[PDB]
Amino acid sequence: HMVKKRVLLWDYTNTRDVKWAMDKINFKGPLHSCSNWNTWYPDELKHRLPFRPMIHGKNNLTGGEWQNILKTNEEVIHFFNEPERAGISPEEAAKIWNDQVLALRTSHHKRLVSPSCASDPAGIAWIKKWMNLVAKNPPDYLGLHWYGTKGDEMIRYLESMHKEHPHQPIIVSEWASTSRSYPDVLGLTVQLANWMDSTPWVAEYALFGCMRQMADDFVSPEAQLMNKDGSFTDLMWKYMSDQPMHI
């Protein structure tokens, strides 16, 4: 039986410059869903994967951005992206969650992923307090990011967050090796892909790096899933073609 819980992170820069790249995807592999950090739909997907709209920040709560969220036929919707690094307090996000985001479950019967905070103390403390404030109306999924070089350390973090918040499944909305050594990137990617596949309470995980330009200095050139011409790397090929993954 083919395990399929691998999210295709499709950065909006792909939609802008290299639409045609989406047709070079392998859809007969472990690829399961798609997301693009936005409310709007990447048309080049042509509904070949379930799409998860995201309410990225306070700028996607009004106008056309909110209409995109209200009118979607897609089943699962993400809340804020790393709100702790954008001046959104747990008090704030909780009061938005109750007043407008809740309606998407109670009325439109959508499943809601929590805000995906970073795996640093500030992020862990932010989700801890938010989940507590909205405990009477909890999210359907716990959203996590993880970045580092030690695969054994990502596992303990997921095991640690599953222990702290045991009442729903986990989605890893972003993750990658930050290692500048490719064998250590390939090594980590392959380890956790195979590990998360056979962990029942991990619903889906989303490998970062599918975009032409480097997102920032923090992430690794060796962990890129798309070359500068829009073609796919070997890491991307294996990510979307191989289950189990292999080095």
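The first residue of the shown sequence is 1; numbering continues from there.
A.B. asks: Please compare 72 to 80 with 134 to 142 and say which has the higher mean C-alpha temperature factor in the record.
C.D. replies: Mean B over CA atoms: larger for 134 to 142.
A.B. asks: Report the stretch with the higher mean CA temperature factor, choosing between 49 to 57 and 216 to 224 on the basis of the entry.
C.D. replies: Taking the mean C-alpha B-factor of 49 to 57 and of 216 to 224, the larger value falls to 216 to 224.
A.B. asks: Determine which member of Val172, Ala118, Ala125, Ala176 has the highest CA B-factor, using the values in the deposited entry.
C.D. replies: Largest recorded C-alpha B-factor: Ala125.
A.B. asks: Report the third (lowest, middle or highest) to which the CA temperature factor of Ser114 belongs, ranking only the modelled residues of the same chain.
C.D. replies: Its C-alpha B-factor, which the entry lists for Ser114, ranks in the lowest third among residues of this chain.
A.B. asks: Looking at the C-alpha B-factor of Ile247, is it in the lowest, middle or highest third of its chain?
C.D. replies: Its C-alpha B-factor, which the entry lists for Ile247, ranks in the highest third among residues of this chain.
A.B. asks: In terms of the chain's CA B-factor thirds, is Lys238 lowest, middle or highest?
C.D. replies: For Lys238, whose C-alpha B-factor we compare with every modelled residue in the chain, the answer is the lowest third.
A.B. asks: Among the chain's modelled residues, which third holds the C-alpha B-factor of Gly187?
C.D. replies: According to the entry, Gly187 has a C-alpha B-factor in the chain's middle third.
A.B. asks: Would you mind checking where the Cα B-factor of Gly209 ranks among the modelled residues of its chain, as the lowest, middle or highest third?
C.D. replies: Ranked within chain, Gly209 CA B lands in the lowest tercile.
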